[PDB]
Amino acid sequence: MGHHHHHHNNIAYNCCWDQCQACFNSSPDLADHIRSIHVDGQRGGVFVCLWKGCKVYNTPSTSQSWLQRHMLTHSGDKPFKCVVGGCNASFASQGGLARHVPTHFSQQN
Ligand SMILES: [Zn+2]
Ligand SMILES: [Zn+2]
Ligand SMILES: [Zn+2]
């Protein structure tokens, strides 16, 4: 019978992030775009969550480790990659990354 709705009923996980209508059916792919266009997008010294669903969104914070740990809840990545465009560091646990990131955030002061 014509069942083109399929039994594969997977939703496209669209991020509710300010003007990013992007949707991935895979969790890592979603997290990837979060880290790339969301987390890495806020690289102006203050990182803000625009994820509508947070009760603390639209609030810029200089805590790169916190921001990442907050988005961890949203998409669920595993390796935390360096936020610096041009820096490569990835750790499955944030403790190692949380030591690496502030070395770059020694910018000026
Ligand atoms: Zn998005
Ligand atoms: Zn959020
Ligand atoms: Zn780095």
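Computed quantities for the displayed model
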item: Degrees, to the nearest 10: 64-75 long Cα axis against longest axis of the chain; result: 10 degrees
item: When the convex hull of its Cα atoms is projected in every direction, mean area for the chain (nm²); result: 8.5 nm²
item: Hits among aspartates and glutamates - C-alpha to C-alpha of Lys78 under 14 Å, sequence gap 8 or more where chains match; result: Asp29, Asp32
item: Top positive-direction residue, dipole computed over the chain with Cβ charges, set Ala22, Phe105, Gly44; result: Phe105
item: The chain: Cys lacking any partner C-beta under 4.7 angstrom; result: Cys15, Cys16, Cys20, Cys23, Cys49, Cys54
item: Efficiency of FRET from Cβ geometry, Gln94 and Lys52, R₀ 35 Å, rounded to 0.05; result: 0.90
item: Centre separation in Å (Cα based) which lies between segment 38-57 and segment 71-109; result: 15 Å
item: Under-5 Å amide H pairs with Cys16, H placed in peptide plane, nonlocal only; result: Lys52
item: Percent RCO, i.e. relative contact order, over the chain, from Cα pairs under 8 Å lying at least 6 residues apart; result: 19 percent
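Taken together, the values in this text are just the output of simple stated rules run on the coordinates, not laboratory data. Every residue, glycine as well, gets a Cβ built from its backbone with ideal geometry; the counts of neighbours run over all protein chains shown.
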